[PDB]
file structure_7.tsv (TSV, C-alpha atoms)
chain	number	residue	atom	x	y	z
V	319	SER	CA	28.78	8.76	8.52
V	320	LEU	CA	29.88	9.80	5.03
V	321	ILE	CA	27.75	7.08	3.54
V	322	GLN	CA	24.95	8.51	5.65
V	323	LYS	CA	25.41	12.11	4.37
V	324	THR	CA	25.53	10.71	0.83
V	325	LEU	CA	22.58	8.33	0.53
V	326	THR	CA	20.43	10.59	2.58
V	327	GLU	CA	21.05	13.47	0.29
V	328	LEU	CA	19.84	11.19	-2.51
V	329	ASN	CA	16.89	10.33	-0.15
V	330	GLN	CA	15.99	14.08	0.02
V	331	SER	CA	16.78	14.69	-3.70
V	332	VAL	CA	14.54	11.72	-4.72
V	339	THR	CA	12.57	7.90	-12.12
V	340	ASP	CA	11.98	5.14	-9.51
V	341	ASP	CA	15.64	3.94	-10.23
V	342	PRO	CA	17.19	1.90	-7.47
V	343	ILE	CA	20.54	3.11	-6.18
V	344	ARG	CA	23.24	0.41	-6.06
V	345	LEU	CA	25.68	-0.24	-3.16
V	346	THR	CA	28.69	-2.47	-2.57
V	347	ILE	CA	30.14	-2.84	1.01
V	348	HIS	CA	33.20	-4.91	1.97
V	349	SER	CA	33.85	-6.16	5.50
V	350	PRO	CA	35.53	-9.38	6.79
V	351	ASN	CA	32.71	-9.96	9.28
V	352	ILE	CA	29.91	-9.68	6.74
V	353	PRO	CA	28.84	-12.66	4.46
V	354	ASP	CA	28.17	-11.60	0.82
V	355	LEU	CA	24.56	-11.20	0.22
V	356	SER	CA	22.21	-9.44	-2.15
V	357	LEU	CA	19.37	-7.70	-0.42
V	358	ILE	CA	17.29	-4.72	-1.78
V	359	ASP	CA	15.34	-2.41	0.50
V	360	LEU	CA	12.18	-0.75	-0.89
V	361	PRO	CA	9.96	1.64	1.05
V	362	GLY	CA	7.90	-0.03	3.84
V	363	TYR	CA	4.19	0.10	4.11
V	364	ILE	CA	2.61	2.97	6.02
V	375	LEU	CA	0.63	8.29	-2.10
V	376	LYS	CA	0.48	5.22	0.00
V	377	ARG	CA	-1.39	3.49	-2.86
V	378	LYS	CA	1.75	4.32	-5.02
V	379	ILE	CA	4.17	2.90	-2.51
V	380	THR	CA	2.14	-0.25	-2.15
V	381	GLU	CA	2.14	-0.51	-5.94
V	382	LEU	CA	5.96	-0.64	-6.12
V	383	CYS	CA	6.12	-3.14	-3.45
V	384	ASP	CA	3.73	-5.49	-5.21
V	385	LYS	CA	5.53	-5.28	-8.41
V	386	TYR	CA	8.80	-6.14	-6.73
V	387	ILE	CA	7.40	-8.88	-4.61
V	388	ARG	CA	5.59	-10.55	-7.45
V	389	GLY	CA	8.49	-11.72	-9.47
V	390	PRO	CA	10.12	-14.86	-7.87
V	391	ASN	CA	12.40	-13.08	-5.54
V	392	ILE	CA	13.18	-14.37	-2.02
V	393	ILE	CA	11.11	-11.99	0.06
V	394	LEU	CA	12.22	-11.11	3.58
V	395	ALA	CA	9.32	-10.02	5.79
V	396	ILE	CA	9.81	-8.50	9.23
V	397	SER	CA	7.24	-8.03	12.03
V	398	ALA	CA	7.40	-6.12	15.24
V	399	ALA	CA	6.42	-8.15	18.32
V	400	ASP	CA	3.84	-5.62	19.45
V	401	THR	CA	1.71	-5.99	16.35
V	402	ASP	CA	-0.82	-8.70	15.84
V	403	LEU	CA	0.58	-11.01	13.26
V	404	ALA	CA	-2.54	-10.85	11.10
V	405	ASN	CA	-2.49	-7.06	11.26
V	406	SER	CA	1.03	-6.52	9.85
V	407	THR	CA	1.17	-5.64	6.18
V	408	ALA	CA	4.64	-7.16	5.65
V	409	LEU	CA	3.53	-10.74	6.37
V	410	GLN	CA	0.21	-9.99	4.90
V	411	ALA	CA	1.38	-8.93	1.37
V	412	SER	CA	3.90	-11.80	1.45
V	413	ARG	CA	0.72	-13.90	1.89
V	414	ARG	CA	-1.00	-11.99	-0.89
V	415	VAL	CA	1.81	-12.78	-3.43
V	416	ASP	CA	2.82	-16.14	-1.90
V	417	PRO	CA	-0.07	-18.20	-0.51
A	375	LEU	CA	-12.81	-11.05	5.40
A	376	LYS	CA	-10.59	-8.27	6.64
A	377	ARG	CA	-11.95	-6.04	3.80
A	378	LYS	CA	-15.65	-6.69	4.89
A	379	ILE	CA	-14.75	-5.21	8.29
A	380	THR	CA	-13.03	-2.20	6.61
A	381	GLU	CA	-16.15	-1.67	4.37
A	382	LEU	CA	-18.49	-1.43	7.27
A	383	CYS	CA	-16.00	0.73	9.23
A	384	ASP	CA	-15.53	3.16	6.31
A	385	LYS	CA	-19.23	3.36	5.87
A	386	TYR	CA	-19.48	4.46	9.43
A	387	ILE	CA	-16.83	7.11	9.58
A	388	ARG	CA	-17.53	8.75	6.20
A	389	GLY	CA	-20.73	10.36	7.40
A	390	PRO	CA	-20.25	13.28	9.88
A	391	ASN	CA	-19.89	11.42	13.23
A	392	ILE	CA	-17.42	12.72	15.90
A	393	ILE	CA	-14.84	9.95	15.31
A	394	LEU	CA	-12.73	8.75	18.32
A	395	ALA	CA	-9.38	7.28	17.16
A	396	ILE	CA	-7.18	5.46	19.49
A	397	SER	CA	-3.52	4.59	18.99
A	398	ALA	CA	-1.13	2.44	20.93
A	399	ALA	CA	2.14	4.18	21.76
A	400	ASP	CA	4.35	1.46	20.33
A	401	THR	CA	3.14	1.61	16.73
A	402	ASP	CA	4.38	4.50	14.59
A	403	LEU	CA	1.55	7.00	14.03
A	404	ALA	CA	1.62	6.78	10.21
A	405	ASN	CA	1.05	2.94	10.36
A	406	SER	CA	-1.89	2.93	12.79
A	407	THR	CA	-4.96	2.12	10.65
A	408	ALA	CA	-7.15	4.06	13.11
A	409	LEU	CA	-5.42	7.38	12.59
A	410	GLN	CA	-4.75	6.55	8.97
A	411	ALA	CA	-8.39	6.02	8.26
A	412	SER	CA	-9.31	9.06	10.48
A	413	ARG	CA	-7.23	11.24	8.12
A	414	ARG	CA	-8.57	9.36	5.09
A	415	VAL	CA	-12.21	10.38	5.73
A	416	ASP	CA	-11.24	13.65	7.61
A	417	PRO	CA	-8.34	15.53	6.08
C	224	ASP	CA	33.18	-23.62	4.02
C	225	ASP	CA	34.71	-21.33	1.55
C	226	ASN	CA	33.27	-22.97	-1.63
C	227	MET	CA	29.89	-22.31	0.00
C	228	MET	CA	29.92	-18.52	0.24
C	229	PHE	CA	31.43	-18.37	-3.32
C	230	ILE	CA	28.82	-19.87	-5.51
C	231	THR	CA	26.79	-17.14	-4.09
C	232	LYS	CA	29.22	-14.50	-4.87
C	233	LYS	CA	29.74	-15.71	-8.44
C	234	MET	CA	25.95	-15.52	-8.70
C	235	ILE	CA	25.65	-12.13	-7.18
C	236	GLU	CA	28.07	-10.53	-9.65
C	237	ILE	CA	26.06	-12.17	-12.45
C	238	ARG	CA	22.85	-10.69	-11.17
C	239	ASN	CA	24.61	-7.40	-11.31
C	240	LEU	CA	25.45	-7.94	-14.95
C	241	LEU	CA	22.02	-8.91	-16.11
C	242	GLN	CA	20.90	-5.91	-14.21
C	243	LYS	CA	23.15	-3.67	-16.10
C	244	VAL	CA	22.91	-5.12	-19.61
C	245	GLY	CA	20.69	-2.64	-21.27
C	246	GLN	CA	17.17	-1.43	-21.75
C	247	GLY	CA	15.65	-4.76	-22.88
C	248	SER	CA	17.39	-6.54	-20.11
C	249	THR	CA	14.12	-7.25	-18.62
C	250	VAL	CA	15.74	-10.52	-17.49
C	251	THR	CA	17.41	-11.10	-14.17
C	252	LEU	CA	18.36	-13.27	-11.11
C	253	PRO	CA	16.46	-13.04	-7.83
C	254	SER	CA	17.49	-11.58	-4.72
C	255	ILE	CA	16.11	-10.72	-1.31
C	256	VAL	CA	13.41	-8.03	-1.10
C	257	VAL	CA	12.71	-6.58	2.33
C	258	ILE	CA	9.24	-5.39	3.26
C	259	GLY	CA	7.95	-4.17	6.65
C	260	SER	CA	5.10	-2.24	8.31
C	261	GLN	CA	5.88	1.10	9.89
C	262	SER	CA	6.68	-0.35	13.38
C	263	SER	CA	7.91	-3.25	11.33
C	264	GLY	CA	9.66	-0.91	8.95
C	265	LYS	CA	11.67	0.83	11.61
C	266	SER	CA	12.38	-2.67	12.85
C	267	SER	CA	13.54	-3.81	9.44
C	268	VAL	CA	15.79	-0.89	8.73
call {"tool": "encode", "arguments": {"input": "structure_7.tsv", "output": "structure tokens"}}
result
Amino acid sequence: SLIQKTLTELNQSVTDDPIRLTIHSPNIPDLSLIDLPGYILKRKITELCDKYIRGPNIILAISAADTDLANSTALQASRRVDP
Amino acid sequence: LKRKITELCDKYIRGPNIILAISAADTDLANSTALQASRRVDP
Amino acid sequence: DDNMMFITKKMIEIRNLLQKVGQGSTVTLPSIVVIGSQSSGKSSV
């Protein structure tokens, strides 16, 4: 909850700098994921996402079952930068 | 391919037709390309 | 399988360091980037 009140107050405050986090739990395996804004002004958001996805990072796309697979932007831009 | 369909669609809705947008209740409103395009040509 | 998580950890701290070097530290190690559509995005978060 206190992490919620914190990072959300940075979410309302809003540079383009990405906030760092470190979380320690015995259940959790150490990882290194970064979470940029998801596709929905919009042309700006898309722009950040392309820049980040371009470089050879391991990109994690998600898709909701209801959506057509072709239709979803997530898998689609992952196809755009990784054929 | 998917952009040829969007060209012809845009072409259609830009001009003053009474546009009927539909939206499934699962998808979030801001991601539905129907309502997104409806606000794109009609603010 | 303790040696297995670790190489990763040793690498993750290093990514952190290249990340923090400086201005010209254009250079870095990859990581996972998470992208999702709005239904998708709620799903992802």
call {"tool": "closest_atom_pairs", "arguments": {"input": "structure_7.tsv", "of": "chain A", "to": "range 382-401 of chain V", "cutoff": "10 Å", "atoms": "only C-alpha atoms", "output": "JSON lines"}}
result
{"residue": "A:398", "atom": "CA", "partner": "V:400", "partner_atom": "CA", "distance": 9.6}
{"residue": "A:400", "atom": "CA", "partner": "V:400", "partner_atom": "CA", "distance": 7.2}
{"residue": "A:401", "atom": "CA", "partner": "V:401", "partner_atom": "CA", "distance": 7.7}
call {"tool": "closest_residue", "arguments": {"input": "structure_7.tsv", "among": "V:356, V:405, V:319, V:330", "to": "chain A", "atoms": "all atoms listed in the file"}}
result
V:405
call {"tool": "residues_near_point", "arguments": {"input": "structure_7.tsv", "point": "(11.0, 2.9, -1.6)", "cutoff": "9 Å", "atoms": "all atoms listed in the file", "output": "list in words"}}
result
residues 340, 342, 359, 360, 361, 362, 379, 382 and 383 of chain V
call {"tool": "write_last_selection", "arguments": {"input": "structure_7.tsv", "atoms": "C-alpha atoms", "output": "PDB file, in the frame of the given file"}}
result
ATOM      1  CA  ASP V 340      11.980   5.140  -9.510  1.00  0.00           C
ATOM      2  CA  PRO V 342      17.190   1.900  -7.470  1.00  0.00           C
ATOM      3  CA  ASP V 359      15.340  -2.410   0.500  1.00  0.00           C
ATOM      4  CA  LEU V 360      12.180  -0.750  -0.890  1.00  0.00           C
ATOM      5  CA  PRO V 361       9.960   1.640   1.050  1.00  0.00           C
ATOM      6  CA  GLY V 362       7.900  -0.030   3.840  1.00  0.00           C
ATOM      7  CA  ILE V 379       4.170   2.900  -2.510  1.00  0.00           C
ATOM      8  CA  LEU V 382       5.960  -0.640  -6.120  1.00  0.00           C
ATOM      9  CA  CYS V 383       6.120  -3.140  -3.450  1.00  0.00           C
TER      10      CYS V 383
END
call {"tool": "atom_distance", "arguments": {"input": "structure_7.tsv", "atom1": "CA of residue 268 in chain C", "atom2": "CA of residue 321 in chain V"}}
result
15.3 Å
call {"tool": "atom_distance", "arguments": {"input": "structure_7.tsv", "atom1": "CA of residue 381 in chain A", "atom2": "CA of residue 413 in chain A"}}
result
16.1 Å
call {"tool": "closest_residue", "arguments": {"input": "structure_7.tsv", "among": "C:242, C:267, C:260, C:237", "to": "residue 403 in chain V", "atoms": "all atoms listed in the file"}}
result
C:260
call {"tool": "atom_distance", "arguments": {"input": "structure_7.tsv", "atom1": "CA of residue 409 in chain A", "atom2": "CA of residue 394 in chain A"}}
result
9.4 Å
call {"tool": "closest_residue", "arguments": {"input": "structure_7.tsv", "among": "A:395, A:389, A:402, A:378", "to": "residue 261 in chain C", "atoms": "all atoms listed in the file"}}
result
A:402
